[PDB]
Amino acid sequence: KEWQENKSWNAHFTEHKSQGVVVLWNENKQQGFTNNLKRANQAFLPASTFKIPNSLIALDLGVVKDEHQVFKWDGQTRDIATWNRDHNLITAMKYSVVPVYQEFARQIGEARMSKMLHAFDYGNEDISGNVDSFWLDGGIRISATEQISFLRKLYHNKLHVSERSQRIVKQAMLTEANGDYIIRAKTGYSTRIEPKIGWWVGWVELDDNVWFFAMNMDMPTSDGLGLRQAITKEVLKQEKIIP
Amino acid sequence: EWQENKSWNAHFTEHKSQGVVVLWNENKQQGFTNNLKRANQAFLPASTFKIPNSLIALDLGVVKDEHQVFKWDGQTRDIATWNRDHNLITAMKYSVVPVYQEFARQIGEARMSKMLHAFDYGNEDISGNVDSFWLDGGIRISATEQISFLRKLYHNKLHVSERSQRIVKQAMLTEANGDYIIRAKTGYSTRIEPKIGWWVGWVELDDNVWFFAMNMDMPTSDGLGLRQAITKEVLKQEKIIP
Ligand SMILES: *C(=O)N1C[C@H](NOS(=O)(=O)O)CC[C@H]1C(N)=O
Ligand SMILES: *C(=O)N1C[C@H](NOS(=O)(=O)O)CC[C@H]1C(N)=O
Ligand SMILES: [Cl-]
Ligand SMILES: [Cl-]
Ligand SMILES: [Cl-]
Ligand SMILES: [Cl-]
């Protein structure tokens with residue numbers, strides 16, 4: 001059976017006084033699992049998880065030459081200290097540097113952004129709003145299941161951009177690696193339209209399988225942001241995917 | 001420029017051990033070592049040779065990509081992890097010699113010799129069995145020459161495709177967290193004296209990369225854990241990793 005509900009995972013949200021969904025996909029078995037089939041299919045603003053398609057499009061169009069090209073700080077002091085400094089693609093992804101990605105989106109422009117999101121079958125494919133903010137307060141929406149379908153295409157180099165573009169973005173997604181697993185992922189935090197939600201989307205590479213994941217959770221304040229990873233890892237540990 | 005830091009000898013002494021750690025600061029273009037003579041001593045690369053071997057195999061099409069499966073030949077060997085199917089990523093991780101011996105046989109002596117010349121790799125001498133020269137043949141490379149080769153790989157400057165270089169750097173991934181990424185390969189030269197352990201690679205930080213190459217005397221497999229442990233003690237002392 002393709003999609004299966006595991007209500008036992010709700011204990012991981014309950015135990016943190018949280019509400020959300022975790023979706024897993026077993027690539028070898030071509031089967032998916034979720035605590036909440038309805039919420040797995042509800043669409044939300046992608047917020048910073050949009051850095052994955054934005055990175056791909058920027059590299060494929062040559063807006064970003066490679067993962068070492070330096071994007072100079074514009075000398076405007078912002079809220080997040082790690083943003084007030086020079087970045088390359090690796091560090092801009094790591095510190096989720098919005099102003100770097102805003103400039104990419106402006107250089108890409110509305111016409112190319114729209115065509116590439118259709119080509120990617122990415123969420124509702126709707127870029128209505130400002131070209132440098134639609135993933136934060138515009139028309140674009142994506143579900144946890146639609147994140148999985150996009151990431152599977154990236155993993156297999158099946159997106160309609162160069163293999164090189166896809167390999168570079170997967171490098172930039174690297175989050176954790178040890179002798180047991182590799183996680184390639186991207187966090188997000190949608191705050192401008194209700195409900196406020198946190199995301200964590202990506203995959204776990206094991207020796208002989210890959211488990212795709214997409215989670216979102218209600219995030220009324222920034223206090224709970226560490227639960228995006230903590231809850232996903234509690235589910236991965238339950239299912240014996242990581243130790 | 002090069003500098004000797006004898007204080008790192010303490011990390012070797014404490015584990016009753018002899019060897020060398022070489023570090024290269026890419027931003028400053030400066031090298032550091034506990035032993036300048038040993039930094040330039042050339043040894044058999046043993047399993048560290050999997051780095052150039054993978055590059056050549058990918059560039060020639062002997063390996064199509066990092067997913068291609070190399071089926072176990074059915075010969076039961078001493079290392080349990082070798083007695084199973086592998087791809088490039090797991091073959092590097094478990095250092096599966098028989099997979100790399102088959103690559104070498106398909107590359108062949110002529111293309112292997114030419115490619116090591118193009119890479120400026122060590123003494124560029126493949127004398128011996130085409131499928132064992134890096135374990136018991138004539139090839140020799142120093143810790144400083146390992147760093148030279150790795151800097152070219154890091155910058156995509158080796159004369160193979162960018163794609164081959166990106167795949168091998170993916171396969172080298174050893175560790176990553178919010179502080180650092182290590183891309184590296186271990187080795188153990190067991191067949192020709194002196195028996196030594198290797199660890200070569202680099203640490204990626206937000207705004208610098210530190211290349212490293214270490215080797216140490218390894219009279220038995222009991223001290224293999226020290227290859228990483230002594231290197232990490234030097235990286236901590238130098239405030240490169242927490
Ligand atoms: C992305 O969702 N954003 C940028 C930055 N990212 O941190 S996250 O990756 O930990 O979610 C701050 C939150 C958010 C934004 N406010 O634009
Ligand atoms: C490579 O040097 N070798 C293959 C294998 N890997 O050990 S490693 O951890 O040093 O990579 C065993 C040692 C050695 C060999 N015996 O050929
Ligand atoms: Cl963003
Ligand atoms: Cl990687
Ligand atoms: Cl080998
Ligand atoms: Cl490439």
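Letters A, B, ... are given to chains in the order of the sequence lines, protein chains preceding strands, and every chain is numbered from 1. All ligand and atom numbering here is 1-based and tracks the order in the structure.
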- prompt: Side-chain donor-acceptor pair under 3.5 Å between A:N209 and A:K29, yes or no?
  reply: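 Side chains of A:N209 and A:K29: no pair found under 3.5 Å.
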query: Could B:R166 and A:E67 be called an ion pair, given the rule that one side-chain N must be under 4.0 Å from one carboxylate O?
result: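 Result for this pair is yes, salt bridge flagged.
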query: So, are B:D59 and B:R111 salt-bridged, with charged N and O less than 4.0 Å apart?
result: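 No, B:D59 and B:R111 are not salt-bridged.
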- request: Classify the angle between the aromatic ring planes of B:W198 and B:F43 as parallel (below 30°), tilted (30 to 60°) or perpendicular (above 60°).
  value: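 Ring orientation, 0 to 90° scale: perpendicular.
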task: Anything under 30° is parallel, anything over 60° is perpendicular, the rest tilted; go ahead and classify B:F211 against B:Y154.
output: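 Correct class here is perpendicular.
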Geometry only, no angles: is [X] polar-contacting ligand 2 at N/O separations under 3.5 Å?
X      : value
B:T186 : yes
B:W82  : no
B:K185 : yes

task: Using a 4.0 Å heavy-atom cut-off, say whether B:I79 meets ligand 2 through its side chain, its backbone, both or neither.
output: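 Looking at B:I79 and ligand 2, no heavy atom falls under 4.0 Å.
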Quick test: of every protein heavy atom, which one is nearest to [atom], and how far off is it to 0.1 Å?
atom                    : answer
atom 17 (O) of ligand 2 : B:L135 CD2, 3.2 Å
atom 14 (C) of ligand 2 : B:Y188 O, 3.4 Å
atom 4 (C) of ligand 2  : B:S47 OG, 2.8 Å
atom 10 (O) of ligand 2 : B:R227 NH1, 2.6 Å

- prompt: Using the benzene-type ring in the case of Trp, are the ring centres of B:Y121 and B:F49 under 6.0 Å apart?
  reply: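 Judged by ring-centre distance (under 6.0 Å), B:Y121 and B:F49 do meet the cut-off.
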